[PDB]
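S.K.: Sharing data.csv (CSV, C-alpha atoms) below.
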```csv
chain,number,residue,atom,x,y,z
A,130,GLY,CA,-12.4,-20.1,-17.9
A,131,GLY,CA,-9.4,-21.1,-19.9
A,132,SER,CA,-7.8,-20.6,-23.4
A,133,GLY,CA,-4.7,-19.3,-21.5
A,134,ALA,CA,-4.8,-15.5,-21.2
A,135,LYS,CA,-4.4,-13.1,-24.1
A,136,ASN,CA,-2.6,-9.7,-23.5
A,137,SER,CA,-4.1,-6.4,-24.4
A,138,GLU,CA,-5.0,-2.9,-23.2
A,139,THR,CA,-8.7,-3.7,-22.4
A,140,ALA,CA,-7.5,-6.5,-20.2
A,141,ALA,CA,-5.9,-4.0,-17.9
A,142,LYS,CA,-9.0,-1.8,-17.7
A,143,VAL,CA,-11.3,-4.7,-17.0
A,144,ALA,CA,-8.9,-6.2,-14.5
A,145,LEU,CA,-8.5,-2.8,-12.8
A,146,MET,CA,-12.2,-2.2,-12.4
A,147,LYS,CA,-12.7,-5.8,-11.3
A,148,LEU,CA,-10.0,-5.5,-8.7
A,149,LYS,CA,-11.3,-2.2,-7.2
A,150,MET,CA,-14.6,-4.0,-6.7
A,151,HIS,CA,-12.9,-6.7,-4.7
A,152,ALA,CA,-10.9,-4.2,-2.6
A,153,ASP,CA,-12.0,-3.9,1.0
A,154,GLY,CA,-14.7,-1.2,0.6
A,155,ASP,CA,-17.8,-0.1,-1.3
A,156,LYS,CA,-18.1,-0.6,-5.1
A,157,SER,CA,-21.1,1.7,-5.5
A,158,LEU,CA,-19.1,4.5,-3.9
A,159,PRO,CA,-17.7,7.2,-6.2
A,160,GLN,CA,-14.2,6.4,-5.1
A,161,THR,CA,-13.2,9.6,-6.7
A,162,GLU,CA,-10.9,10.7,-3.9
A,163,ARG,CA,-10.2,7.2,-2.5
A,164,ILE,CA,-7.9,4.8,-4.3
A,165,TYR,CA,-7.4,1.0,-3.9
A,166,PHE,CA,-3.9,-0.3,-3.1
A,167,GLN,CA,-2.5,-3.8,-3.1
A,168,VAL,CA,-0.8,-4.6,0.2
A,169,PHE,CA,1.7,-7.5,0.2
A,170,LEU,CA,1.1,-9.8,3.1
A,171,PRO,CA,4.1,-11.0,5.3
A,172,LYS,CA,3.2,-14.7,5.1
A,173,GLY,CA,0.1,-14.8,3.0
A,174,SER,CA,-0.2,-18.4,1.8
A,175,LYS,CA,-3.5,-18.4,-0.1
A,176,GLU,CA,-2.8,-14.9,-1.3
A,177,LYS,CA,0.4,-12.9,-1.7
A,178,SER,CA,-1.3,-9.5,-1.4
A,179,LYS,CA,-4.7,-8.1,-0.5
A,180,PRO,CA,-6.4,-4.9,-1.9
A,181,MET,CA,-7.3,-2.0,0.5
A,182,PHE,CA,-9.3,1.2,0.2
A,183,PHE,CA,-7.3,4.3,1.1
A,184,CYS,CA,-7.8,8.1,0.7
A,185,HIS,CA,-5.5,10.2,-1.5
A,186,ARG,CA,-5.6,12.9,1.2
A,187,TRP,CA,-3.9,10.7,3.7
A,188,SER,CA,-0.3,10.6,4.9
A,189,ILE,CA,1.7,7.9,3.2
A,190,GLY,CA,3.0,6.6,6.5
A,191,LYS,CA,-0.1,7.2,8.6
A,192,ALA,CA,-2.0,5.1,6.0
A,193,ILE,CA,-0.3,2.0,7.3
A,194,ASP,CA,-0.9,2.8,11.0
A,195,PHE,CA,-4.6,3.2,10.1
A,196,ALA,CA,-4.9,0.2,7.9
A,197,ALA,CA,-3.4,-1.9,10.7
A,198,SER,CA,-6.3,-0.8,12.9
A,199,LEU,CA,-9.1,-1.2,10.4
A,200,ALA,CA,-7.7,-4.6,9.4
A,201,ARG,CA,-7.4,-5.5,13.1
A,202,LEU,CA,-3.8,-6.6,12.8
A,203,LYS,CA,-1.0,-6.8,15.4
A,204,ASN,CA,1.7,-4.2,15.2
A,205,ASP,CA,3.5,-1.7,17.5
A,206,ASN,CA,3.6,1.6,15.7
A,207,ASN,CA,1.8,3.9,18.2
A,208,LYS,CA,4.9,3.6,20.4
A,209,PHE,CA,8.4,4.9,19.7
A,210,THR,CA,10.7,2.3,21.2
A,211,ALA,CA,9.7,-0.4,18.7
A,212,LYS,CA,9.7,-1.1,15.0
A,213,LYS,CA,6.6,0.4,13.3
A,214,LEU,CA,4.8,-1.0,10.2
A,215,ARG,CA,5.6,1.1,7.1
A,216,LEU,CA,5.2,0.9,3.4
A,217,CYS,CA,8.1,0.7,1.0
A,218,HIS,CA,9.0,-0.2,-2.6
A,219,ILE,CA,9.8,-3.9,-3.2
A,220,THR,CA,13.5,-4.7,-4.1
A,221,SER,CA,14.5,-1.1,-3.1
A,222,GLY,CA,14.1,-0.4,0.6
A,223,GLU,CA,13.4,3.2,-0.1
A,224,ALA,CA,10.7,4.4,2.3
A,225,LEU,CA,8.9,7.7,1.6
A,226,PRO,CA,8.2,10.2,4.4
A,227,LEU,CA,5.0,10.0,6.5
A,228,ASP,CA,4.6,13.8,6.1
A,229,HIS,CA,4.0,13.2,2.4
A,230,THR,CA,0.6,12.4,0.9
A,231,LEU,CA,-0.3,10.0,-1.9
A,232,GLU,CA,-2.1,12.7,-3.9
A,233,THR,CA,1.0,14.9,-3.5
A,234,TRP,CA,3.4,12.4,-5.1
A,235,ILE,CA,0.8,11.2,-7.7
A,236,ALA,CA,0.1,14.9,-8.6
A,237,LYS,CA,3.8,15.7,-8.5
A,238,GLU,CA,6.0,15.5,-11.6
A,239,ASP,CA,7.8,12.4,-10.2
A,240,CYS,CA,4.7,10.4,-9.5
A,241,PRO,CA,6.5,7.1,-8.5
A,242,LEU,CA,3.4,5.2,-7.4
A,243,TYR,CA,0.6,4.9,-9.9
A,244,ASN,CA,-3.0,3.7,-9.7
A,245,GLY,CA,-3.4,-0.1,-9.5
A,246,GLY,CA,0.2,-0.4,-8.3
A,247,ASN,CA,1.5,-2.7,-5.6
A,248,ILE,CA,3.1,-2.1,-2.2
A,249,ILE,CA,4.5,-4.1,0.7
A,250,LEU,CA,4.2,-3.4,4.5
A,251,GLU,CA,7.2,-4.2,6.7
A,252,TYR,CA,8.3,-3.2,10.2
A,253,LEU,CA,10.7,-0.3,9.9
A,254,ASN,CA,11.6,2.5,12.3
A,255,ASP,CA,10.4,6.0,11.5
A,256,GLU,CA,13.9,7.5,11.5
A,257,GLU,CA,15.0,4.7,9.2
A,258,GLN,CA,15.0,5.8,5.5
A,259,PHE,CA,16.2,2.6,3.7
A,260,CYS,CA,15.1,-0.8,5.0
A,261,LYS,CA,16.5,-4.2,4.2
A,262,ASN,CA,15.5,-6.2,1.1
A,263,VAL,CA,11.9,-7.5,1.4
A,264,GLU,CA,12.6,-10.1,-1.3
A,265,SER,CA,15.0,-11.8,1.1
A,266,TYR,CA,12.2,-12.4,3.5
A,267,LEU,CA,9.9,-13.7,0.8
A,268,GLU,CA,12.7,-15.8,-0.7
```
Represent the supplied structure as structure tokens.
M.R.:
Amino acid sequence: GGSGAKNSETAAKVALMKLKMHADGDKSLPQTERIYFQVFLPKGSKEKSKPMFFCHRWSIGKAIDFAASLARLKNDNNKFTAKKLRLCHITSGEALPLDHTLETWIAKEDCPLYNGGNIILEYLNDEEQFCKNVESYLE
């Protein structure tokens, strides 16, 4: 295709539905309780971030520990004496608690993370609340 790329509302809807289909999972599935999330790779050359299928009824922190297994990636989170892979906002460092669930925040008044959003995974201690700047690493 070409002709640049116009900007409109429909473009977001089509792009969203098209992305969910690419996300690691089933397209035919109802995905009524499960939502797709864009995880930012640490050193993803070809791609900066990859979509992943997650459940709304899953701990925010645990979501990472699980995704690491399903994706078959290397990371020391099961232990305690070692940095654990966790999700946090880009250019913020603020890392939500693992006891909190996605549906909880999404359903809550705040609702910081919305459907089709983006998130990055970095090695951060459980006790650690605010991590360094991720942008610095991807600079």
S.K.: Which polymer residues have any atom within 12 Å of an atom of segment 239-242 of chain A, counting all atoms listed in the file, with same-chain residues fewer than 3 positions away left out, as a PyMOL selection string?
M.R.: chain A and resi 164+166-167+185+189+216-219+223-225+230-236+245-248
S.K.: Considering all atoms listed in the file, state which residue in the set A:172, A:212, A:203, A:191 is at the smallest distance from residue 266 of chain A.
M.R.: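 The closest residue to residue 266 of chain A is A:172.
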S.K.: Atom CA of residue 154 of chain A to atom CA of residue 182 of chain A: how many Å, to one decimal?
M.R.: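 According to the coordinates, atom CA of residue 154 of chain A and atom CA of residue 182 of chain A are separated by 5.9 Å.
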S.K.: Which residues come within 12 Å of residue 251 of chain A, counting only C-alpha atoms, excluding same-chain residues fewer than 5 positions away, as a ChimeraX atom specification?
M.R.: /A:168-172,190,193-194,197,204-206,212-219,222-224,259-264,266-267
S.K.: Atom CA of residue 165 of chain A and atom CA of residue 243 of chain A are how many Å apart?
M.R.: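 These atoms are spaced 10.7 Å apart.
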S.K.: Quick one: pull the distance between atom CA of residue 195 of chain A and atom CA of residue 254 of chain A, Å, one decimal.
M.R.: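 Calculated distance between atom CA of residue 195 of chain A and atom CA of residue 254 of chain A is 16.4 Å.
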S.K.: Restricting the calculation to all atoms listed in the file: of A:220, A:176, A:198, A:210, which residue gets closest to residue 265 of chain A?
M.R.: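 Using all atoms listed in the file, residue 265 of chain A sits closest to A:220.
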S.K.: Which residues, written as a VMD selection string, have at least one atom at most 12 Å from residue 145 of chain A, with all atoms listed in the file counted and residues fewer than 2 positions away on the same chain left out?
M.R.: chain A and resid 138 to 143 147 to 152 164 to 167 180 244 to 246
S.K.: For each of A:211, A:202, A:192, A:184, take the minimum atom-to-atom distance to residue 227 of chain A, counting all atoms listed in the file, then give the residue where this is smallest.
M.R.: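 Of A:211, A:202, A:192, A:184, the one nearest residue 227 of chain A is A:192, counting all atoms listed in the file.
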